[PDB]
Every structure is written in structure tokens, then in C-alpha cells.
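Participant:
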Amino acid sequence: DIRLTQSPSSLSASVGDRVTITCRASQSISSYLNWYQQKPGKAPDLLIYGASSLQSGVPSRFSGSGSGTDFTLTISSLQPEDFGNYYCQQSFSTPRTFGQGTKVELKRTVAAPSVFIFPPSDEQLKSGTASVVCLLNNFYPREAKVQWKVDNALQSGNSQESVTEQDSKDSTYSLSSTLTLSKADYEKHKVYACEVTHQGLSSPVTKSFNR
Amino acid sequence: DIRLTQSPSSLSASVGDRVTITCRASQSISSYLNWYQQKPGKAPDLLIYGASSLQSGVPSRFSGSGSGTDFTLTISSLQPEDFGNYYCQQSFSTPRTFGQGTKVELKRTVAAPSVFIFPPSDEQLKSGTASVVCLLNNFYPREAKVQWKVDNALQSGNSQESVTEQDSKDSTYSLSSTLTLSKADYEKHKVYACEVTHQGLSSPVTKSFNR
Amino acid sequence: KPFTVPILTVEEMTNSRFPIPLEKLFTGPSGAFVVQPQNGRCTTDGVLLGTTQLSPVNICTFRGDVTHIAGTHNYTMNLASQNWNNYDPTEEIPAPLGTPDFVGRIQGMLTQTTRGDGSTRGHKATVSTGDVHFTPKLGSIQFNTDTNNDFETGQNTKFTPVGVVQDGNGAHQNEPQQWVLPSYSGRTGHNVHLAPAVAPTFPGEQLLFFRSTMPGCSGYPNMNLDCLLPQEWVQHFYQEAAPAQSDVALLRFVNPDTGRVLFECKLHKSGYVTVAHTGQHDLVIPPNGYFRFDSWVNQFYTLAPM
Amino acid sequence: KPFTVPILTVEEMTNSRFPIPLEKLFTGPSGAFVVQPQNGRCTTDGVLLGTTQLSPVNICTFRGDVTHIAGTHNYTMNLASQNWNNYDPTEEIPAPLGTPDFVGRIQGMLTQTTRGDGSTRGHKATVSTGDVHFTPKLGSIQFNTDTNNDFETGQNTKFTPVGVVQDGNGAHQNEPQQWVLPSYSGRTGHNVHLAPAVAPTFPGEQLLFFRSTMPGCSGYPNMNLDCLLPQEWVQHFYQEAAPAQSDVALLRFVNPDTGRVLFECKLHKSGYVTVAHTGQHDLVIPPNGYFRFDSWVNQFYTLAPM
Amino acid sequence: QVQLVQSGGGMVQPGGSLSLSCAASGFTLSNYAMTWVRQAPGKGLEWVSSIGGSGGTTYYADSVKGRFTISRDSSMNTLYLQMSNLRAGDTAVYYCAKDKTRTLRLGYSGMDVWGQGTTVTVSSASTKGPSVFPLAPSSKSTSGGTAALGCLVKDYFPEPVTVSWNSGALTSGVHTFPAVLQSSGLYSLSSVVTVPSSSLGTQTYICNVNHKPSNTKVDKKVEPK
Amino acid sequence: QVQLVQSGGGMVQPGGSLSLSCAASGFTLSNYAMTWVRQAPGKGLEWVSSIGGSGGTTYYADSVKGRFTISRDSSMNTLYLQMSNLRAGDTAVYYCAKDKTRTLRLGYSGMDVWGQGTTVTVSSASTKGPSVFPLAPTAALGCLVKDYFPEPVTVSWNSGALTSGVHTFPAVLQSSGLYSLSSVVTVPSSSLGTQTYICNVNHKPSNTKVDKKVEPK
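Top line first, the protein sequences correspond to chains L, D, B, A, H and C.
Reminder that position 111 of the first sequence reads as 111 in the authors' numbering, one-by-one numbering, no gaps.
Reminder that position 13 of the second sequence reads as 13 in the authors' numbering, one-by-one numbering, no gaps.
With positions in the third sequence counted from 1, the corresponding number in the authors' numbering is that position plus 224.
With positions in the fourth sequence counted from 1, the corresponding number in the authors' numbering is that position plus 224.
Reading the fifth sequence from the start, the letters are residues 1 to 52, 52A, 53 to 82, 82A to 82C, 83 to 100, 100A to 100G, 101 to 214 in the authors' numbering.
Reading the sixth sequence from the start, the letters are residues 1 to 52, 52A, 53 to 82, 82A to 82C, 83 to 100, 100A to 100G, 101 to 126, 135 to 214 in the authors' numbering.
#1: Going along the chain, which unbroken runs of the beta strand (DSSP E) with 3 or more residues stay wholly within the segment 118 to 185 of chain D?
#2: Looking at the secondary structure, which residues open and close the beta strand (DSSP E) in which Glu429 of chain A lies?
#3: Starting from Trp403 of chain B, trace the alpha helix (DSSP H) in both directions and tell me its first and last residue.
#4: Would you kindly work out how many angstroms separate the C-alpha atoms of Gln331 of chain B and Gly354 of chain B, rounded to a whole number?
#5: Sorted by chain position, which residues of the same chain lie with C-beta nearer than 6 Å to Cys22 of chain C's C-beta, five sequence neighbours on each side aside?
#6: Examine chain B for any beta-carbon lying closer than 8 Å to the beta-carbon of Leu4 of chain H, and answer yes or no.
#7: What does the Cβ neighbour count give for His414 of chain B, buried or exposed, with the cut at 16 atoms within 10 Å?
#8: Would you kindly check if the distance between the Cβ of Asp370 of chain B and the Cβ of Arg345 of chain B is under 8 Å?
#9: Between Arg108 of chain L and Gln90 of chain L, what straight-line distance do the alpha-carbon atoms span, to the nearest angstrom?
#10: What are the residues in the segment 454 to 480 of chain A lying within 7 Å of chain H by C-beta distance?
#11: Please identify the residue among L:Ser168, L:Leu181, L:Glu161 whose C-alpha is closest to the C-alpha of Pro167 of chain H.
#12: Please report the distance separating the alpha-carbon of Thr165 of chain C from that of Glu143 of chain D.
#13: Between which two residues does the alpha helix (DSSP H) holding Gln336 of chain B run?
#14: Within 8 Å (strictly less), CB to CB, does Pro243 of chain B reach chain A?
#15: Could you give the residue range of the beta strand (DSSP E) that holds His189 of chain D?
#16: Is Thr97 of chain C closer than 8 Å to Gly9 of chain C when the C-beta atoms are compared?
#17: Within 10 angstroms of its Cβ, does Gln523 of chain B collect 16 or more other Cβ (buried), or is it exposed?
#18: Have a look at the DSSP bridge pairing and note the partners of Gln3 of chain H.
#19: Is it buried or exposed, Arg411 of chain A, if we count other Cβ atoms within 10 angstroms and call 16 or more buried?
#20: With 8 Å set as the bound, which would you pick, yes or no: does the beta-carbon of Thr94 of chain L sit closer than that to a beta-carbon of chain H?
#21: Based on Cα-Cα distance, which residue from A:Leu431, A:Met530, A:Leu362 lies nearest to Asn310 of chain A?
#22: Once the 5 residues before and after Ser114 of chain D are set aside, which same chain residues still bring their CB inside 7 Å of it?
#23: Work out the CA separation of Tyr444 of chain A and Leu246 of chain A for me, nearest whole Å.
#24: So is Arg71 of chain C in contact with chain A if we call contact Cβ pairs under 8 Å?
#25: How close, in whole Å, do the beta carbons of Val478 of chain B and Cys489 of chain B come, if the pair is a contact with beta carbons under 8 Å?
#26: Looking at the secondary structure, which residues open and close the beta strand (DSSP E) in which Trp36 of chain H lies?
#27: Using only the alpha-carbon positions, how far apart do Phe62 of chain D and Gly100F of chain C sit?
#28: If I measure Cβ to Cβ from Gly50 of chain L and keep anything under 6 Å in the same chain, skipping five residues before and after, which residues do I get?
#29: Is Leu491 of chain B helix, strand or coil when you go by DSSP?
#30: Leaving out five residues on either side along the sequence, give the residues of the same chain with a beta carbon under 8 Å from the beta carbon of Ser182 of chain D.
#31: Beta carbons nearer than 9 Å to chain C: which residues of the segment 510 to 528 of chain A have them?
#32: By a C-beta neighbour count over all protein chains shown, 10 Å radius and 16 as the cutoff for buried, is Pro439 of chain B buried or exposed?
#33: Report the rounded CA-to-CA distance for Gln37 of chain D versus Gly84 of chain D, giving the unit in angstroms.
#34: Report yes or no: do three or more beta-carbon pairs, one from the segment 445 to 458 of chain A and one from the segment 394 to 404 of chain A, lie closer than 8 Å?
#35: When the cut-off is 8 Å and only beta carbons count, does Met301 of chain A lie next to chain B?
#36: To be precise: take each residue of the segment 266 to 279 of chain B, compare its Cβ to all Cβ atoms of chain C, and keep it if any distance is under 8 Å. Which residues remain?
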């Protein structure tokens, strides 16, 4: 088993920056090293083969180097579409092995979230469950605090968040917070509120409704 | 190294008998086993190659068999010319190796030896040493007892004898005992005798001379 | 080191008795004749036999100088080595390596380059390997050609084989005779240093033949040409020269798609293949299939029916 | 898995651009032309390139049916694959595998068999690979033959190459042009999916050519034919397909009598040889000599002077 | 147009068996080495099995040696992976991939063409169809000239689920959030689309939800209240 | 007529080198695997080295690896064995042999053609020529080839004209460290004084040719 170790495991950089990912092998694999880019939920794409050859259709800003044990993927000018996970892979001998992968994310100017709130549909209330949904659309950076207040009571343990992949065009994120209650608990309360803290906001913003 | 063991180490049969020599290998050598016969003072001659294939020019009475670890050379009708050393050899693996060799000697009707004795020459005495030699000519079996007596004194430690290898048509041997003395000791004595005991003689034959 | 056979489909391999590719596999009883080809003969531990040599482009080619024969359209060729050196009859081989090992008329082209000015010339030619002038072991053969006055003496001349012919006035497919050895020294003496004849000695087995179709150039020739080993197997065995663990090597014919075995066969150490079958049969094989060496077995291993 | 080249002398090996034996080794500057042969292209780790295939006897052959061109001695051959199946022009290759990769007129014989009765016919024929009708990528070429009424339609027809010719009216040795690629699609379009051209990048180095002499059939042809790799090397690399530990393999040309090295050279991963020499030179070698892989070296390794 | 299309998969109890298929187009599959690569949820890429080119021969990771079988069919131009005695560690997305260059057996190039992936789930748990609820557009989901609306796809097992809008005629501005695992052991996600406010009265918006493991397909019209 | 004629005997003190030649006739030596086999005084056969056929490549017993070098010359159809840093354990009769079949490298057939052998003696002791004394007389006469080192010694009677019923005995290693032997002949008692019996002994480790006649009284 030839072990491949990529460095670093994750990185963030601005558009136009020079990005370098190194791969080190436990033993010499000559030049039979390949690089792949994987977008979330999609099959990997061959970028570099044979350590330094550019696959066709792949932009010139990608380039590879090295032989033996040490290799380097270089992105000369990082682009928003270059977001994703990068894997090095040796084909020198079986078993074919992959590096543990490297997460590449993009930095950009701060963007405040747009905060929407969705009360549960009447159709869900029939089933005996209430889901309240808070949306944070198109913001940067990813870090954000989203707290639920039900009649001014801070909620704990009955909400789940989900963050999208970084947008491949504008590098922003989107987040959903879902507060789940029984139909009974939902109907004994009036004010449902979602307060959001983010770098793009000068002071925490609250979106809310009356049931 | 693949060791070859061939048995017997030596054998003696008569004309017409079927003689068998086996070869055991340290490990499987497939069919790459060859048999050679070697007359005294001459290069070995190929008899069988590939375990069972007769070499061109070799009489039909020779056969070979076996594969893997156990092999067999068979002489169907032993002839007086079949005397000599027999070696097996593997050419399956480096290093090539031989057996220890099997000496095949002929049996025939008993023949008493003709005995001659030769006093030392004139010139040899000038060198300070005298050699008296007793010749036993054309006899069988090889087993023989040669004793030197100088004025009825049994000699010991001062004589060497050599025997020709079994001749290959008469199947007989010849023997030469060489008594070695100083010139002083030689001319000190008078009667020099060679007493030969052999199965072919009813009573010990003596050849003698007066100095 | 382990014994192997090349990973090549039948159609990817070359007939070893004539410079053409293989086409199919055939098995049939061979009691009614003697199977003793001299080309395509090699042991599995890498010993070339008969007149077998390594390059497939050299089979049934001839090189030398030619002399016109008065009153005919024929030429005598004084044979040379492949490298245009003097040919040596005293070498213990049946004939020059690559010499045709069947009786029949082989048609091709005699070409010639004039050393001095670089001029060249070419004509259709046929060599009749069954007639008395075919004496390759003596270093001389004879060609029937189209020309009469065009070939020059003392000039490098080559014969390139193409196919075989037959006289339509006779019974169809009555020539060539692929299992009849020509007399390499003519009527001057018997053939020497031949590779032995082969015959299945195990009950229920027949020879497996690697079959090609020779091009025909005239009449109704018998264009079946069968060899005991593909040329690539010969080349391989010569290079590898792995020791034979027994006299028989078991081969499986497999479909690389699934690894499924179609049939098994015996590759004998002395260099030929047998299968378990009775009667003439054209083997129906997947075109991607190939032979795979699996194990050395006892001489008296009983193959599964093919 | 260890890389090797077969133990074969130059003359034992076969040219990879024409079905003839190798004869000698040649080196020289290659600036005044583009060295881009399509046959004999293979990487050391077993990847066939261009139009290279495995069979040495299928180089410059053609199979298909023919149709007569009225009032001429020419026939159009609709190409088929070697197994007589429909040729597929959509495959991502420059031309059918084994297709001639030089401009020039090749002479050989067209042979044909009538399927219904087994009747055969054969005639001298020439194909011009620089002709506008030479369109193998499109699946069609043209022959000039000796007949104008013999060849039949809808019948298997094969062309067996023999040599090259030259219109003696033009400057001597002006054809064939071995470093000019034919237009596989004629005037229809440009060549596609070619193996790359090669050139010595390291200073003081020249390409090492494996040279043969094609037979001449008429006129004053240039009979030199150089390949980048012997066909056996192609066949060997494809089978073995050993990993390259570097882009350059150091080969030593060795005399098996003593082990003494005559010279060394670089076998490049992409499949060609260079030597350290300046100028044209016919290498003088012992006839028993052969190449021996010794080690993988750095791409910028400095050879000892040849 | 070189292409690999995958079929098969689904979920199976531990110890059971499944078959993956991979139909090639625009190239002869038996000429190139073909490989199965898999990716467990949230993990990296792992090599499973390869078959060589025209000469074939097969190769396996120790994890699956004796349990998996890779094979192909030249007459159907298809690659197969047969899996048996499946365990939880086999739960992953499985990808087929093609080597760049043609070889006799297994080569040394990268993998330039990939299948879209097939999901394999090895679980004792039962299958549950999702409930699909509308996230209605309103004044509290409006920003500028655009309104947000969507579908809550709740309480299903296992992953994945596919969500399209207006039968796939609406693709711009769709954000399908990654599914989260609820305390109940079931998954749920949201699919949110950003549309023009002017369209809300004239344009119909319908989320189409497909859950193959349960053969559940739901079309939900999403309207303002 | 196929044969192998060997040459290059002689002796040398330990640490010294020595060369062996084997000229071939009737076949091309470079097409066949060639082998050196040695045989210690009164011992069995031992493989020393081999060279492959047309492709060469060489092989050595671990006893002689790095010390011995096998090689050949196609130009003059000759096999060689360069030996250096010799020891007492290298003292033997060296035979060259030819493999039966033609192979690219080292094959597996037997050895069908052999050389006549070559004596190689590794000793720090010097060389002594043999003194020859007569053994004068249905009758019997002979020669006593005494005091020599090392073996062998060629003996023929009347240079081979009369070798019918002649016995030459294996040499004995005397306590002095020198070898000696005897060669005897059966002749009719009436071979008169009219046959002239001259023994032609030979010890070319010192180049000595004795023409000693055997006269009676």
C-alpha cells in the first residue's frame, strides 16, 4: 500500500492568488501521479496526469510538477470556479491509492446575509409536526450565529442547520436553520423569531412572525 | 544447490547381468537429469540426456527413466567395456551439480597373476637409492597380497603399490609393488623376494633374485 | 522463473510457416498422413527446431544472385545468407532457416537492385518446391518468371512470397501439399536434422492447428495452412526459455471479459498442442479470447472435452 | 516489474514500417525534416501510438473488395479490417492500423479468391500513397494493376506489399519520401490523432535509426527506411508494459562474448532512441551484439560519446 | 461524445448482494482499463477494483477481495460490478472510470472519463418515502425584485433524493440544501428557488421529488397564501 | 568431426593467476552454452562456470565467484577461463564442455562434447624433472619414471609403434612429496635383441624427453 499525503488538508485564498498543493508518497511512484478536482455531488475531473501533463479542456492556470516521492499541484491564478476538493492519485502500482484530499475555498469581500423566515405549512400541521425555517442567503464569510426565540425563549436542541457548498460563481454561502416542534407546542406560542449575527451586520437582525 | 545422491556408491556384476543405478534429487528437477560414464584418465561421455533419451552413438543396452526426484540408469546386458565411473547430473538449476559417482566393475572367472621381479638399475644406485619392483600381471579378482622379504625379513612401511583400473576387455587388473631402499641398505643384503598370495594360486608364489 | 504464453488473440498472431496472420483454430484426425513441419518448431524451454528462425518476414524468402537458363523463362538462384554473406551447407540444419516446409508452387516477386547505379527491377516468379531444382540445402534453387532478359547476374536478388498456385486442368485443391516435406537436397540425398514428426499418443486426443488461409494467385489451390505454434509463441519461448516442470503444460482458452474458460488443451514440451476431441472441427471462439498457462500436469492428464 | 528489451541482434529484428528485416543502425541530424512516423510507435510502458499494431506481416497490407475503373487498369478498393469486417472510420486513429506512413509508390500483388468456387487470381499492382485517391481514413484507396477485366466485384481481395518504385524520369532517389506523411483523408481534411513528431532535445544528441533497405521494383527509388523502434520492441513493450521509473532508459549495446560495451544510448519513454554523436554515421557493430537495459536515468543524462 | 452511464445500486441489508452496471458510449470499453472508485459519505476517494484492457485480468482492494467481482460484456459494451456479503463499510457512492490510454492489461495513466455515480446503501433500516411540504413565498421571503420559495422534503430514508422544479424547466436559482440527519434517524432537506416577484401571480411553481428507494414521486405546487 | 582442443596448463603458487583456452572445431562455439567442469585428484566432478549461447550471460560457482572469469571469442571460435587468486582447492583437471542444444542463454540439455582436459596445479613448490631407469628382463620389461612433480607424465613405447599389452601405472605420492610410476610391457621371450625397446617418457612441466632403451644382460 503506497500512502499519499497531501498538504495542506484545507486552504482559503483570494481570486488571482497562487495556490500550491503538495503530495508526498511513501515510496517512489516515478511520474505516475494524477490530480483530480471534485465538486460536491459530482464525479471527479482529471486535471493533471503523469505529474505534469495538462488534461484537455482544463485551463492553463493548472500545472503540476515533481517525480519520485514529491509532487505539486499549482493554480497560478485562483478562480471562483476552482472551489472544491482536490485529490492526488498514484497509478504506479496496485492497489491504486488516493491522497486524503484538500479542501480549497475562496476568500472575498464581506457580504451580509438576506434573512427570510418561513412558517410551517397548514399541510404539515395536520401530520402533527411543525417545521419553522430560517434562510440565510448569499453571504460571506461562512461563520454565522442563528438563534431561535419562541416567545422570547432561546431554543436549544430542536434546530438543525445546513450550509450550502461555496458558490462557484460568487463564492458566497447559504444556510438554512430548521426549528422543529410538535403541533401542540407550535400552537401554544405566538411569536417565532430568528436572530442572525454576521460580520456583514452592524447589529444582530431579527426576522419574525405571529402565528 | 540441488544435491544429487546416487546409489550404490559402487557395484560389481558379471557380463550379461542387468545393472541398475538410481539417482535421488534434493528437490524436483523435472526431466533435466543426464548420465555420463567416465573411463580413467578420459573426459566423461554423455549416455542419457533428458532422463530417458539415448545419446547418439551410445549402445542400445543403456536406458534411463524417472522424473522429478528419482531417476534410474539401467544397463540391460553388462559388457566388459562398460567398466568405469558413472555420474548423474542435473541441468535444471544453477548451480549445475553432479552425483558422487558410481564405480562399476566387472566380474569374471578367476585368473592367477603372472609375477615378475625387477632389480634396481645401475644408474639408480648412483643416486643413493634403489627401487625393487614386483609386477603382478593380468589377474582377477583385484584382491591380492604382496609381501616383501629381504633375507627372510618381512618388510613394512617402505613399499608402495599401485593398481591399474580394471582393463575393459579381459576385465583383469595389474599390480606393481615398489620396494624403496637406500643404496647402503640394498647392497647390505643379498636375497630379494616377492611373495604373492592370490585366490587364483593354490600356494603363495615367490619371485626372487640374488644381488 | 515462471513459464508463460503471450497474451495475444489468434487473429493478432502470425502463422509460422508463411508470412501471413493466423485466422482460426482447427482440430482433426491426422493418422492418414505425417505431420512434420520444419518451420514453427520450438520447445517450450526455448530450443529452436527444424528450419525455424525468429523473424516472420523471412519465412519462404530467398536472397542471392540469379542466372538465366537458356531457352526458358527460368532463373537459377545461388543462395546467400539473410545478410548477403556466403551460405554454408555444412551447418547441421535441414536447409537455410525459413525455407518452405511444404511441397507446392509458391508465387511471389523477384526484385533486384543494381549495385552500381541503383537501378531496380521486379517480376512475378514462382518456385516449385516439389521439383528437382529445389535444392536449398545445397545452396541453389530455380525460379520460373515472367521475364527472359531483364534480370542481371552478380546482383542482389530477393524473392518475396505472396501466395500459392494450382493448375485448373487438374483436380481442384490438389496442390499445394502442406504436410509433404520437400527434399531439401533434391535427389542427391535424404533430408537431415529434421524436427521430429508429431502425433497424439494419448487416447481421445487430436492435434490443435493454428490455421491461416494462404492467398491464391492462379487456379484452385488448397489454401489451408496449419502450424503447430504461432510465430509469436516461438519468439517468446526462445527469449524466455523457462524450464519445463513436466512434459505437458495445461493451457486454458479464456474470455478476458469474464475469465470464463472455453476449452483446455495440452502444450507439449516439444512444442505442439493437443485437444480432447474426435473428428474435424472448426473451433468457434470469441475474437478477444487467448491462451493462458495455468499449470504443469502429468503426461497422462486427461483433458476435458473441448 | 522490471523493464527489459528483448535479447535480439539487429539483423534478427524486423522493421516496424515495412515487413522486412532490419539491417543496420544509423544516426544523423534530422533538422531539415519532420520525423513523424506513425508505424513503430509505442511507449516503453506499453501504449501503442499512431497507426502501430502488433503484426509485422500486416504492415502496408490492404484487404477489401474492388471495383474496376472504366477504361483504365485501375481498381478502387473499399477497405476492410484484417478479419474482413467493415472498416470503421470513426475510430480515433489516423488511419487503419498498419497503413503506410510515407509518401511513395508501393508495389506488390493483388490476390483474389472467388468464394463460390474457390477460383483464384493474382496480379502485380501499385498503390500511390501521395495520390489524391489514397484515402484510407475514408476507407478507400486505388491500385494500378496489370489487368483490366480479371478482378471480380464483391470478392475478398488482398494486397501484399513487396517493394517501392520510382519514375526514372525524375531525379534519382526522389521517391519515396520516408519522412513525409501521406494525407490519410486525401483532400477532404487534415490528418488526425497522429503520434507526435520526435527530435533530440538534449544538445549533442541525435536520433538513432533502425535501418532497412526496401526492395526496389522499378526505376531508381530511395530504398532507405528508418524506424524509431524495431517491431519486436513494440511487441515486447506491449506485452510487458513495465513501469518507467524515469522518462529515459539507459541502454548499453553489448558484445555477448565478453560483456564489453560498444556504446550506450537513451531509450525515451515515449518510444525512440538517441545517441551522443554529431554528423551522419553508419554504426559499425559486431553481428552478435544487442541492446541491454541497465538503469533508468535522469532525463538530462549525458551519454558517453558514441 | 464519450460517455459512461451507470445503473443499478439501491439499498440492501447487511450480507445481501447488489449489481452495478456502467454502459459506455463513444468508445469501445474492452480496449481501455476500467476502474471502480467509491466514496463513503463525507469521506475521500477509495479504489475498489479495476479490469485491464483487451487482455483483461482483474484487480481488487483487500477490503473487497472475494466479495466483489468486476467483469464486462463486449457485446453490450458494458462494465459490471457484482457485490456480495455487503457490509456497512461498503455504503458509498460508486463511480466507474476509464483510463486515458489503451493497454493490454492494467496501465499507468489517469482516469479521464467518469460515470455520474451510483448510490449504494447497506443498512438494516427500512425504507421511508419523504413528506413534501411547500415553503410559500411571502413578504417575509422577498428581497429586491426577487422572492424566495421552496419545498421541505422531510422524513425519508435513505439518501439520496432528487429535486427538480417545474419538471426540470426551471434550473436557474435553485439551492437544494444538503440533507441533515434528524434525531429520528431520518433525513430531511430543503429546496429553495429564487424567482422574480412579478412572476408570482402568473407563473406556477412545482417541485418534483423523486425517491427511488421507495418508488415515491411527489409533485407539489408552491403558492403564496 | 566435432571436437574441443584445450590448452593452457601449468602450475602457480597461491594468489597467482592462470589462463585456460578451449579451441573448437566443427561447430560455432558462440551458438552453444559452454561450461567449465573440474575434477580434483581422485574426486568427483564439479561445475565451475558456464556461458550462455548466442546471447551470452555468465554463471559461476559460489566457490569461484569474483575470482574466475569465463568468456569467449567468436572471431577465433575459442572459449576462455581466466583464473586469478588461486588456492589449493582449485587444483584439479579442468574440462570444457558443450551443451547439446542451441539456446539464447543457458539451457537445460546435457553436455555432449568434451575437451581432453587440462591439468591445473596450485602449489608453492617448484618443478622437478623425472629420472628414468630401465626395468630389464612370456617376457617382461619396463621403465621406472621416478622423481617428478607435478603430474602428468606421458609414456609411450617406441613412440607408439608398439603399445600392445602395455601397462602404465597410476602415479604414487612418495613420502618425499614427489610422484613416481612404472610402465611395463609384455613381449615374447624371443623378441630377441632385435626389437629395440625405447620408452618415450614426457614431463612438460619442465620440458623433458627421455629416449631410454631397455637392454637385458
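Beta carbons are placed, not taken as given, at the ideal position from N, Cα and C, and that holds for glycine.
Facilitator: According to the data block:
#1: 129 to 139, 145 to 150, 159 to 163, 173 to 182
#2: 429 to 437
#3: From DSSP, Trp403 of chain B is part of no alpha helix (DSSP H); its letter is neither H nor E.
#4: 14 Å
#5: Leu4, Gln6, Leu78, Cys92, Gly104
#6: no
#7: exposed
#8: no
#9: 34 Å
#10: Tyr462, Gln463, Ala465, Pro467
#11: L:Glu161
#12: 19 Å
#13: Segment 329 to 337 is the beta strand (DSSP E) holding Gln336 of chain B; no alpha helix (DSSP H) there.
#14: yes
#15: Note, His189 of chain D: premise wrong, no beta strand (DSSP E); not H, not E.
#16: no
#17: exposed
#18: H:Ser25
#19: exposed
#20: yes
#21: A:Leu362
#22: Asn137, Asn138
#23: 21 Å
#24: yes
#25: Contact flag wrong, Cβ pair sits at about 12 Å.
#26: 32 to 39
#27: 16 Å
#28: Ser31
#29: strand
#30: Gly128, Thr129, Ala130
#31: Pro510, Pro511, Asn512, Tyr514
#32: buried
#33: 7 Å
#34: yes
#35: no
#36: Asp269, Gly270, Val271, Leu272
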